[PDB]
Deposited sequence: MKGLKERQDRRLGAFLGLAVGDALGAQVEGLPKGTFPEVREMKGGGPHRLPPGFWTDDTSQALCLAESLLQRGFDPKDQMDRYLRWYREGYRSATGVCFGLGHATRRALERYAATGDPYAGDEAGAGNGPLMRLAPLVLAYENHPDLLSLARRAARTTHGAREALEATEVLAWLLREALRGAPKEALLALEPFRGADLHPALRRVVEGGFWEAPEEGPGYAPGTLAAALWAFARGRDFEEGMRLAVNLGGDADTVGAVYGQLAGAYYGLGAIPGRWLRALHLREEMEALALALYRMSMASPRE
């Protein structure tokens, strides 16, 4: 159960962070009382425990992986179907709808969207030799900027190592990326830019990753780090979700506040998905 706990933690942690962060999405840091509980709210009056369309994407990706392995075309079919059933990423979806090209992300897409759906992929392809390559392809479906693709690869590595029990010190050391040829902004993050508290929750991929790493570094447990992450305001839903995936894999499901999990929308459905993805990683 110890091992399963890490996979469930990474998956549910993503949703928990998305739900909590959504409560203060768009608010400047230090202009609102400390967020500590699942109260819902935010610009979209979300009910307590409800998450954003981004977690919806992670769920679609999870289902795609379980049904037909790594299939970017199917991933986009699902995102598009979900997109139209509702009322940079939409541009990617419309590009795919018109051209059939699954890797519809453009060079202008340096946003943090791809970081929102890492967990599902790593849970299922943890042991695949081309994991980082798969992560890059999954990011390319909606975002094409160098730094967004590389940030996704770094998070993929972080999650794989965390799931394998790597210590916090090793995760933050980011050894394989030190001296690597990365976009300048991401290089600054890997070299220690995350040790300093950010002035807000960034929407830019490298900045979002740095904010999550900062919260992970300073937090002593899942709850403390999560609160640090979401209280940065800004794109708190995504920063919270990125922190949630990493901290969830590191601390485990059992370490996530029970009241947050009990309030979480589709908790049971996600637990089932997480376990199924983990099972898939241990099979053929």
Next item on the list: Could you sort out which parts of the deposited sequence are absent from the coordinates (no C-alpha) and give them as ranges from 1?
Entry: 1 to 4, 92 to 103, 301 to 303
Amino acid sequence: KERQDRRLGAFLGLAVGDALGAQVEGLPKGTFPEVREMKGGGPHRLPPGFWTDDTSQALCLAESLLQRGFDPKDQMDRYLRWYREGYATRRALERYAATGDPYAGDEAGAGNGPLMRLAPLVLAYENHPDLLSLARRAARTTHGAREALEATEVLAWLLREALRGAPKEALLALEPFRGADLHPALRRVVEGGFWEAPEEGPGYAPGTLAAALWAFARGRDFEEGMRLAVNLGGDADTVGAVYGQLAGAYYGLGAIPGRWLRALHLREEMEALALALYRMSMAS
From here on, numbers count along this sequence of modelled residues.
Check: Higher mean Cα B-factor in the deposited model: 105 to 113 or 184 to 192?
Finding: 105 to 113
Checklist line | 72 to 80 versus 158 to 166 - which carries the larger mean C-alpha B factor in the record | finding: 72 to 80
Check: Highest Cα B-factor in the PDB entry belongs to which of 225, 40, 240, 248?
Finding: 40
Next item on the list: Quick one: which of 123, 88, 213, 134 shows the highest Cα temperature factor in the PDB entry?
Entry: 88
Item checked: residue 95 by Cα B-factor - lowest, middle or highest third of the modelled chain -> middle
Next item on the list: Consider only the C-alpha atoms of the modelled residues in this chain, order them by B-factor as the entry records it, and name the third containing residue 244: lowest, middle or highest.
Entry: lowest
Next item on the list: Quick one: classify residue 35 as lowest, middle or highest third of the chain based on its Cα B-factor.
Entry: highest
Next item on the list: Place residue 149 in the lowest, middle or highest third of its chain's C-alpha B-factors, as listed in the PDB entry.
Entry: lowest
Notebook entry, point to check: With respect to C-alpha B-factor, does residue 61 fall in the lowest, middle or highest third of the chain as deposited?
Noted result: middle
